[PDB]
4 protein chains.
Amino acid sequence: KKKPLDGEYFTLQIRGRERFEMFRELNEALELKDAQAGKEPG
Amino acid sequence: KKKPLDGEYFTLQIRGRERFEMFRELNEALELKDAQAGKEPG
Amino acid sequence: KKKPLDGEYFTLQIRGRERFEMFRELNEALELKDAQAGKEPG
Amino acid sequence: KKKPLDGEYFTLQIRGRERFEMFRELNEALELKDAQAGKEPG
């Protein structure tokens with residue numbers, strides 16, 4: 001998808017299920033902002 | 001180690017190396033606090 | 001602005017300047033996602 | 001307390017009460033780790 005060979009990917013183990021959902025939200029949140037910088041500037 | 005069969009473990013992919021180190025710190029930070037609740041109360 | 005009398009607002013002291021910028025990013029990140037749920041569904 | 005005139009302090013507004021408690025935990029978590037580096041090395 002758009003040559004996902006961009007930044008190197010990694011992986012992290014997160015104990016607890018409630019904590020996992022929380023971290024996942026942070027990752028998606030930053031990705032959302034970063035995904036907005038991919039839109040042509042106004 | 002102390003029957004690590006406690007809470008279910010999970011895994012999350014984190015793009016970017018700088019971001020990875022940052023999330024890892026948060027995971028270790030919470031584990032540090034949680035690891036302190038394992039000490040007998042004063 | 002759109003009756004900002006929504007959820008109660010709060011305040012938190014954050015030591016360190018580098019850490020401050022980091023937390024601010026997380027707050028803006030979540031606000032960005034929450035700000036996206038305000039758009040009419042497709 | 002130990003000359004708290006160390007790093008400059010700041011403040012951040014966090015909307016939502018549930019979110020506030022969450023950020024507060026992160027701040028305390030990092031402070032806990034940083035507070036551990038204040039102990040003489042083994």
# chains A, B, ... in the order shown; residues from 1 in each chain; ligands from 1

$ residues_around --residues "residue 33 in chain A" --least-positions-apart "6" --cutoff "10 Å" --atoms "only C-alpha atoms" --output "JSON, numbers by chain"
{"C": [25, 28, 29, 30, 32, 33]}

$ write_last_selection --atoms "C-alpha atoms" --output "compact mmCIF listing (two decimals), in the first residue's frame"
# COMPACT_ATOMS: atom_id res chain seq x y z
CA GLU C 25 1.21 15.77 21.32
CA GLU C 28 -3.70 16.86 20.41
CA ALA C 29 -3.58 13.35 18.90
CA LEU C 30 -6.67 12.16 20.80
CA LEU C 32 -7.68 14.92 16.40
CA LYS C 33 -9.40 11.51 16.46

$ interface_residues --of "chain A" --to "chain D" --cutoff "12 Å" --atoms "only C-alpha atoms" --output "ChimeraX atom specification"
/A:19,22-23,26

$ select_by_dssp --residues "chain A" --states "alpha helix (DSSP H)" --output "number ranges by chain"
A: 17-36

$ atom_distance --atom1 "CA of residue 21 in chain C" --atom2 "CA of residue 9 in chain D"
12.0 Å

$ atom_distance --atom1 "CA of residue 6 in chain C" --atom2 "CA of residue 20 in chain C"
24.8 Å

$ atom_distance --atom1 "CA of residue 39 in chain D" --atom2 "CA of residue 27 in chain B"
21.5 Å

$ select_by_dssp --residues "chain B" --states "strand (DSSP E or B)" --output "VMD selection string"
chain B and resid 9 to 15
